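Beneath this line is the structure, given in structure tokens, with notes to follow.
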Amino acid sequence: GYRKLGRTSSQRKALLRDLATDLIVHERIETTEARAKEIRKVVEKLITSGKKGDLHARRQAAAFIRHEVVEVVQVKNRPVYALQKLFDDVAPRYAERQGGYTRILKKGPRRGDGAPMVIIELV
Amino acid sequence: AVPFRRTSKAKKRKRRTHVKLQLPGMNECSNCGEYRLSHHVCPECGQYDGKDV
Amino acid sequence: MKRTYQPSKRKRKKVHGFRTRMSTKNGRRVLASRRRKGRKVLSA
Amino acid sequence: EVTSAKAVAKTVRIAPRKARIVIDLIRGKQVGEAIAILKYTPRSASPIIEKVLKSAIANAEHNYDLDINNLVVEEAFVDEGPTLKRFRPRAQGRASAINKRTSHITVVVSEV
Amino acid sequence: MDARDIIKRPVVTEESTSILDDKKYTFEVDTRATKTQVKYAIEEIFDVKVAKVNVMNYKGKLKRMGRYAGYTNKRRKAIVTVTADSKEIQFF
RNA sequence: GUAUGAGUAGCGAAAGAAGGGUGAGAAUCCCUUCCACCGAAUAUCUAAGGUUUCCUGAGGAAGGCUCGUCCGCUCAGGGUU
RNA sequence: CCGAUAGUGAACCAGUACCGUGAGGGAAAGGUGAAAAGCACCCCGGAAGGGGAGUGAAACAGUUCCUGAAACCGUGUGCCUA
Ligand SMILES: [Mg+2]
Ligand SMILES: [Mg+2]
Ligand SMILES: [Mg+2]
Ligand SMILES: [Mg+2]
Ligand SMILES: [Mg+2]
Ligand SMILES: [Mg+2]
Ligand SMILES: [Mg+2]
Ligand SMILES: [Mg+2]
Ligand SMILES: [Mg+2]
Ligand SMILES: [Mg+2]
Ligand SMILES: [Mg+2]
Ligand SMILES: [Mg+2]
Ligand SMILES: [Mg+2]
Ligand SMILES: [Mg+2]
Ligand SMILES: [Mg+2]
Ligand SMILES: [Mg+2]
Ligand SMILES: [Mg+2]
Ligand SMILES: [Mg+2]
Ligand SMILES: [Mg+2]
Ligand SMILES: [Mg+2]
Ligand SMILES: [Mg+2]
Ligand SMILES: [Mg+2]
Ligand SMILES: [Mg+2]
Ligand SMILES: [Mg+2]
Ligand SMILES: [Zn+2]
């Protein structure tokens with residue numbers, strides 16, 4: 001099945017959407033072990049939408065990605081959003097690799113509460 | 001719901017036989033040659049599987 | 001709910017103040033016996 | 001010739017019972033391995049015990065001129081210190097006692 | 001009081017000296033001195049022409065120095081501004 | 001004064017996440033973005049009451065039901081026309 | 001006659017701190033050393049705290065500091081124990 005992360009079905013839905021957007025924007029983040037074993041599935045299912053390139057696939061992924069600016073370019077300074085980067089930058093990278101677009105590296109316990117922290121990175 | 005008799009020293013020491021904590025599963029690093037946890041990124045030389053991370 | 005002590009600056013001086021003790025024969029006896037103990041504060 | 005060195009941390013805020021559980025791991029081990037054990041044990045007493053062990057090694061070579069590579073943790077024990085007495089307001093007007101305990105930590109290193 | 005008894009000492013701080021160029025001078029005066037007495041005390045000592053005086057009362061701060069508790073003195077602070085066609089006071 | 005119960009009960013209504021910064025040390029301090037809660041109030045004034053708790057610069061022994069580089073806590077200067 | 005649970009409630013900033021709306025109730029708390037000579041300097045540590053060196057008759061007299069019992073908490077070991 002799937003694991004509940006100490007929060008109700010509404011907090012859990014929001015938590016997975018913030019963490020999946022951060023991995024797209026930053027490509028390398030600090031989380032806990034259980035919290036990273038879960039976004040390992042919602043992110044790779046999101047690259048697969050980016051590898052389609054459809055309008056149907058883009059509209060389906062737009063219901064999950066948060067609306068935030070990755071960075072601003074002067075093409076005319078126009079911002080670039082996370083959905084644009086997923087479909088134009090991140091997805092074309094893995095046009096040949098079938099699966100496993102992420103990897104997890106263990107770091108060690110956290111001082112405050114002893115939680116096990118890991119690196120999840122987008123390669 | 002209330003202790004009938006106070007606990008002696010021997011009985012209080014027997015119960016704490018199992019309240020110890022185990023030894024960490026540490027290992028010698030291949031690159032920098034010092035201690036680290038298995039299946040973990042080395043905190044000193046910052047390497048795992050022979051590649052810097 | 002609500003408690004027994006409801007502070008008020010005026011209500012305290014009008015009942016326990018110095019000029020209230022000095023106005024009665026038995027109020028001057030309270031000050032006399034508090035001076036006997038050598039208490040730091042007389043009246044309120 | 002002394003052949004041993006010691007360091008003491010007096011009136012450390014940690015409670016004696018919570019520090020004795022970490023001392024029991026490093027007793028009788030080599031100082032090279034004993035430092036790693038305290039580094040990879042996720043308890044609050046590990047940083048405190050690790051500075052006492054490192055200080056004992058420090059004056060085991062500056063004061064008595066011994067080898068860092070031959071030292072072992074010969075002795076390690078935790079004593080008690082003066083406790084701080086506090087209170088916690090409980091229900092229905094009653095108060096309960098709280099003991100903020102301290103401890104003394106002693107580590108002795110020597111040759112093998 | 002006398003002129004020298006009403007006025008005690010100037011106040012030299014960051015706020016006090018930031019208004020010297022505005023022809024405003026801050027003093028510590030007697031606790032029982034009215035606003036009008038401060039006006040004529042200044043003109044007797046410094047021979048300036050006084051336009052306004054503003055006064056305020058300060059309480060005493062509760063201070064501790066080890067097992068001992070007490071209060072500092074209560075202050076009365078006066079700010080004197082002078083007419084533009086008059087001399088100045090040199091705090092220096 | 002110190003034990004046993006015992007490393008046991010509890011830690012006092014609630015949504016947080018990531019990236020930078022400071023630092024000996026960061027889930028807990030600062031900044032940014034996203035998300036969430038109140039909105040005849042959990043918004044704005046003002047009496048009573050409390051008396052310096054207000055501001056700035058340093059601090060981390062004790063207090064803060066954890067942590068603390070932080071604070072309505074400690075020290076020194078100020079502030080009410 | 002007492003000698004710091006004694007002797008005044010108070011040998012110490014005591015009718016104080018604290019408690020109560022108020023009248024009122026009301027504590028705990030003495031001892032470094034003959035002399036501060038109260039640890040220059042070095043090492044670990046952010047600090048606290050330690051290990052040397054030094055003062056001292058004594059530092060196992062180092063800022064609740066003469067003496068330091070019992071409960072209570074530990075480390076090592078000779079004999080016994082599933
Ligand atoms: Mg809902
Ligand atoms: Mg009345
Ligand atoms: Mg009174
Ligand atoms: Mg109550
Ligand atoms: Mg006025
Ligand atoms: Mg039980
Ligand atoms: Mg249970
Ligand atoms: Mg809470
Ligand atoms: Mg008022
Ligand atoms: Mg403030
Ligand atoms: Mg704390
Ligand atoms: Mg600092
Ligand atoms: Mg601060
Ligand atoms: Mg303050
Ligand atoms: Mg007595
Ligand atoms: Mg005696
Ligand atoms: Mg009172
Ligand atoms: Mg020393
Ligand atoms: Mg020192
Ligand atoms: Mg010595
Ligand atoms: Mg000598
Ligand atoms: Mg003597
Ligand atoms: Mg003694
Ligand atoms: Mg004894
Ligand atoms: Zn390594």
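Ligands are numbered from 1 in the order shown, residues from 1 within each chain, and chains are lettered A, B, ... in the order they appear in the structure tokens.
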>> List the spatial neighbours of residue 59 in chain F as an MDAnalysis selection string - criterion: any atom at most 12 Å away, only C-alpha atoms (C1' of nucleotides), same-chain residues fewer than 6 positions off excluded.
In response: (chainID F and resid 69:70 73:76) or (chainID G and resid 47)
Same residues, N, CA, C and O atoms (P, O5', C5', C4', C3', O3' and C1' of nucleotides), output as a PDB file, in the first residue's frame:
ATOM      1  P     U F  69      22.652  29.501  22.840  1.00  0.00           P
ATOM      2  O5'   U F  69      23.206  30.856  22.211  1.00  0.00           O
ATOM      3  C5'   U F  69      22.310  31.893  21.829  1.00  0.00           C
ATOM      4  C4'   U F  69      22.786  32.641  20.608  1.00  0.00           C
ATOM      5  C3'   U F  69      21.672  33.180  19.712  1.00  0.00           C
ATOM      6  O3'   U F  69      22.081  34.413  19.122  1.00  0.00           O
ATOM      7  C1'   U F  69      23.023  31.680  18.483  1.00  0.00           C
ATOM      8  P     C F  70      21.319  35.782  19.484  1.00  0.00           P
ATOM      9  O5'   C F  70      19.818  35.336  19.783  1.00  0.00           O
ATOM     10  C5'   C F  70      18.852  35.271  18.742  1.00  0.00           C
ATOM     11  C4'   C F  70      17.484  34.887  19.257  1.00  0.00           C
ATOM     12  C3'   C F  70      16.945  35.701  20.423  1.00  0.00           C
ATOM     13  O3'   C F  70      16.373  36.927  20.000  1.00  0.00           O
ATOM     14  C1'   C F  70      16.542  33.381  20.778  1.00  0.00           C
ATOM     15  P     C F  73      11.760  40.210  30.825  1.00  0.00           P
ATOM     16  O5'   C F  73      12.563  38.859  31.080  1.00  0.00           O
ATOM     17  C5'   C F  73      12.268  38.024  32.192  1.00  0.00           C
ATOM     18  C4'   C F  73      13.434  37.125  32.519  1.00  0.00           C
ATOM     19  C3'   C F  73      14.741  37.839  32.832  1.00  0.00           C
ATOM     20  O3'   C F  73      14.836  38.266  34.180  1.00  0.00           O
ATOM     21  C1'   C F  73      15.142  36.165  31.223  1.00  0.00           C
ATOM     22  P     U F  74      15.677  39.583  34.552  1.00  0.00           P
ATOM     23  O5'   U F  74      17.183  39.203  34.190  1.00  0.00           O
ATOM     24  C5'   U F  74      17.972  38.414  35.071  1.00  0.00           C
ATOM     25  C4'   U F  74      19.441  38.510  34.736  1.00  0.00           C
ATOM     26  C3'   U F  74      20.014  39.915  34.638  1.00  0.00           C
ATOM     27  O3'   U F  74      20.345  40.468  35.900  1.00  0.00           O
ATOM     28  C1'   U F  74      20.707  38.653  32.767  1.00  0.00           C
ATOM     29  P     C F  75      20.274  42.056  36.128  1.00  0.00           P
ATOM     30  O5'   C F  75      21.509  42.627  35.297  1.00  0.00           O
ATOM     31  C5'   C F  75      22.844  42.332  35.682  1.00  0.00           C
ATOM     32  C4'   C F  75      23.849  42.872  34.694  1.00  0.00           C
ATOM     33  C3'   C F  75      23.765  44.357  34.386  1.00  0.00           C
ATOM     34  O3'   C F  75      24.356  45.170  35.385  1.00  0.00           O
ATOM     35  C1'   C F  75      24.008  43.149  32.372  1.00  0.00           C
ATOM     36  P     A F  76      23.770  46.637  35.677  1.00  0.00           P
ATOM     37  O5'   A F  76      24.235  47.496  34.417  1.00  0.00           O
ATOM     38  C5'   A F  76      25.610  47.645  34.098  1.00  0.00           C
ATOM     39  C4'   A F  76      25.800  48.439  32.830  1.00  0.00           C
ATOM     40  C3'   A F  76      24.973  49.709  32.715  1.00  0.00           C
ATOM     41  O3'   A F  76      25.538  50.797  33.425  1.00  0.00           O
ATOM     42  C1'   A F  76      24.848  48.495  30.688  1.00  0.00           C
TER      43        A F  76
ATOM     44  P     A G  47      37.123  29.208  25.280  1.00  0.00           P
ATOM     45  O5'   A G  47      36.103  29.143  26.503  1.00  0.00           O
ATOM     46  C5'   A G  47      35.651  30.325  27.150  1.00  0.00           C
ATOM     47  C4'   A G  47      34.323  30.108  27.833  1.00  0.00           C
ATOM     48  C3'   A G  47      34.364  29.406  29.184  1.00  0.00           C
ATOM     49  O3'   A G  47      34.616  30.309  30.249  1.00  0.00           O
ATOM     50  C1'   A G  47      32.702  28.415  27.811  1.00  0.00           C
TER      51        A G  47
END
> If we count only C-alpha atoms (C1' of nucleotides), what is near residue 30 in chain B at a cut-off of 12 Å, once residues fewer than 4 positions away on the same chain are taken out, given as a ChimeraX atom specification?
Replying inline: /B:34-36,38,41-42,44-51
> Distance CA of residue 29 in chain B-atom 1 (Zn, counted along the ligand's line) of ligand 25, one decimal place?
Replying inline: 4.8 Å
If you run DSSP over the backbone, which residues in chain C end up helix (DSSP H, G or I)? Put them as a CSV table (one decimal) with N, CA and C atoms, in the first residue's frame.
chain,number,residue,atom,x,y,z
C,9,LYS,N,-7.5,50.7,42.6
C,9,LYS,CA,-6.6,51.6,43.4
C,9,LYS,C,-7.4,52.5,44.4
C,10,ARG,N,-8.5,53.0,44.0
C,10,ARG,CA,-9.3,53.8,44.9
C,10,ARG,C,-9.9,53.0,46.0
C,11,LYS,N,-10.5,51.9,45.7
C,11,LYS,CA,-11.2,51.0,46.7
C,11,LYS,C,-10.2,50.5,47.8
C,12,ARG,N,-8.9,50.4,47.4
C,12,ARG,CA,-7.9,49.9,48.4
C,12,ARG,C,-7.6,51.0,49.4
C,13,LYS,N,-7.4,52.2,49.0
C,13,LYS,CA,-7.0,53.3,49.9
C,13,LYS,C,-8.2,53.8,50.7
C,14,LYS,N,-9.4,53.7,50.2
C,14,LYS,CA,-10.6,54.1,51.0
C,14,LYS,C,-11.0,53.2,52.1
C,15,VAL,N,-10.5,52.0,52.1
C,15,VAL,CA,-10.9,51.0,53.1
C,15,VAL,C,-9.7,50.7,54.0
C,16,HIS,N,-8.5,50.6,53.5
C,16,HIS,CA,-7.3,50.2,54.3
C,16,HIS,C,-6.3,51.4,54.4
C,18,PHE,N,-4.2,55.0,55.2
C,18,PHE,CA,-3.7,55.6,56.4
C,18,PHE,C,-4.7,56.6,57.0
C,19,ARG,N,-5.3,57.4,56.2
C,19,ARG,CA,-6.3,58.4,56.7
C,19,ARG,C,-7.6,57.7,57.1
C,20,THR,N,-7.8,56.5,56.6
C,20,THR,CA,-9.0,55.7,57.1
C,20,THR,C,-8.7,55.2,58.5
C,21,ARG,N,-7.5,54.7,58.8
C,21,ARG,CA,-7.1,54.2,60.1
C,21,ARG,C,-7.1,55.3,61.1
C,25,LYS,N,-11.0,55.3,66.6
C,25,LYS,CA,-10.3,55.0,67.8
C,25,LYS,C,-9.6,53.6,67.6
C,26,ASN,N,-10.4,52.6,67.0
C,26,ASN,CA,-9.8,51.3,66.9
C,26,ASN,C,-8.9,51.2,65.6
C,27,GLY,N,-9.0,52.2,64.7
C,27,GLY,CA,-8.0,52.2,63.6
C,27,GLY,C,-6.7,52.7,64.0
C,28,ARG,N,-6.7,53.6,65.0
C,28,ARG,CA,-5.4,54.1,65.6
C,28,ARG,C,-4.7,53.0,66.4
C,29,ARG,N,-5.5,52.0,66.9
C,29,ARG,CA,-4.9,50.9,67.7
C,29,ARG,C,-4.2,49.9,66.7
C,30,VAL,N,-4.7,49.8,65.5
C,30,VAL,CA,-4.0,49.0,64.5
C,30,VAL,C,-2.6,49.5,64.2
C,31,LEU,N,-2.6,50.8,64.0
C,31,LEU,CA,-1.3,51.5,63.7
C,31,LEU,C,-0.3,51.4,64.9
C,32,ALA,N,-0.9,51.5,66.1
C,32,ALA,CA,0.0,51.5,67.3
C,32,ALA,C,0.6,50.1,67.4
C,33,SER,N,-0.2,49.0,67.2
C,33,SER,CA,0.3,47.7,67.3
C,33,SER,C,1.2,47.3,66.2
C,34,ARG,N,1.0,47.9,65.0
C,34,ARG,CA,1.9,47.6,63.9
C,34,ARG,C,3.3,48.3,64.1
C,35,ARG,N,3.3,49.5,64.7
C,35,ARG,CA,4.5,50.1,65.1
C,35,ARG,C,5.3,49.3,66.1
C,36,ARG,N,4.6,48.6,67.0
C,36,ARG,CA,5.2,47.9,68.1
C,36,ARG,C,6.0,46.7,67.5
> Which residues come within 9 Å of range 5-8 of chain F, counting only C-alpha atoms (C1' of nucleotides), excluding same-chain residues fewer than 3 positions away, as a PyMOL selection string?
Replying inline: (chain B and resi 2-3+6-7) or (chain D and resi 17-18)
